[PDB]
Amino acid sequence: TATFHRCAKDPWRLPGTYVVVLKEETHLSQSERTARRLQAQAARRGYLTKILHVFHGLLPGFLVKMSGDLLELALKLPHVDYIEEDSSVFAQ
């Protein structure tokens, strides 16, 4: 089952942008289609979303700017391994 992950340090959280990580062996064309399916499901519920990036090569999945309202919907997409909320990194 698909889990949701966020930064433990609350002031470093960046809600509204999510990395959707798909199961290992997912092919680029399936990540691409899963992103478009999320967009279509969310549009039917009155939500604008933006696909910012479709990953291939390191991990399979995509980067999406969308309302946290849609996380439950996104967790039910086919192939989803887990979803992580964006967060900050800092010069050390």
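Quick note: we count residues from 1 along the sequence shown, nothing fancier.
Enquirer: Going by the average Cα B-factor in the PDB entry, point out whether 61-69 or 40-48 comes out higher.
Expert: Averaging CA B-factors over each stretch, the winner is 40-48.
Enquirer: As stated in the PDB record, which stretch has the larger average Cα B-factor, 82-90 or 3-11?
Expert: Per the PDB record, 3-11.
Enquirer: Would you mind ranking residue 33 by its C-alpha B-factor against the rest of the chain and naming the third, lowest, middle or highest?
Expert: It belongs to the middle third of the chain when residues are ordered by C-alpha B-factor.
Enquirer: Name the third of the chain's ranked CA B-factors that contains residue 77, choosing lowest, middle or highest.
Expert: Residue 77: CA B-factor falls in the highest third of its chain.
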